[PDB]
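Shown here is one chain on its own, the form deposited in one PDB entry, set out as structure tokens.
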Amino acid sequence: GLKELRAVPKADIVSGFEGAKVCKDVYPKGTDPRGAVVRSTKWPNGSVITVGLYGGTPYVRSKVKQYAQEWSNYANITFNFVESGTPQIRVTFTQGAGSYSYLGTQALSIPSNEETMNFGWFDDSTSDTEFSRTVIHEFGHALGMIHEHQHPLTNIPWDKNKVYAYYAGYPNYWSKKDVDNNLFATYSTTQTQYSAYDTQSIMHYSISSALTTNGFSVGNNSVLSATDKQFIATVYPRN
């Protein structure tokens, strides 16, 4: 099969946040997160992207493959799930590390012994809606999509000490200061790649109830929205 990736240090997986459903923004070391937008990170149109799955049960691995390929109904892009070589997208299932993917072709800047995507909370009992939501969302990032997030009406009620502890773990290794600029300041304003915000978007950024004092952390958006479908077709046209 595939060559083993280097393992996540288990000391850097933060205890107590098992099951906390956090999608983490991630970028190749030293790059500017503001530059990682779909017009810059999109794959060559018509690409067939090789994907490798590392670990996971056969059931979870089948679910990843099932829902990742939903994007190809609308985008002129195909995922080829392979078991040899160095795949372009490398998916791990490290429990407790959150879920994340590098954006678009930024995956190609990741060392070949490291993962480019992680699913941190799936198990064999996970619901179909949660598989659909999280897998389509993360492969959205893999196509270059960023989070959709509308301007907060009221400041997010961050449980700041739970947050500082969580983002100190792998893979960000963020300081107190790092969280203040990259997380708090980022989501204090609108984040969007659409001309108008789409409350139904699969790319909606949900903030975990493990990281806040109140509010509803699980939105409705578990399938591609009409805007998701229309936009991804303009990025990757059948041309």
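Throughout, we count residues from 1 along the sequence that is shown. Note that the rigid core is defined as the largest set of C-alphas that superpose within 1.5 Å between two forms.
The form deposited in another entry exists for this protein as well; it is not shown, and the discussion that follows is about that form.
Just one residue from the list 53, 202, 211, 49 crosses the 2 Å line for C-alpha shift between this form and the one not shown on a rigid core fit, and it is 211. The Cα shift for residue 167 between this form and the one not shown, taken after rigid core superposition, is 2 angstroms or larger. After superposing the rigid core, the Cα of residue 68 is displaced by less than 2 Å between this form and the one not shown.
When the rigid core is held fixed, the Cα atom of residue 146 travels less than 2 angstroms between this form and the one not shown. Compared with the form shown here, the Cα atoms of residue 159 and residue 97 move at least 3 Å farther apart in the other form. In the other form, the Cα-Cα separation between residue 222 and residue 182 shrinks by 3 Å or more relative to the displayed conformation.
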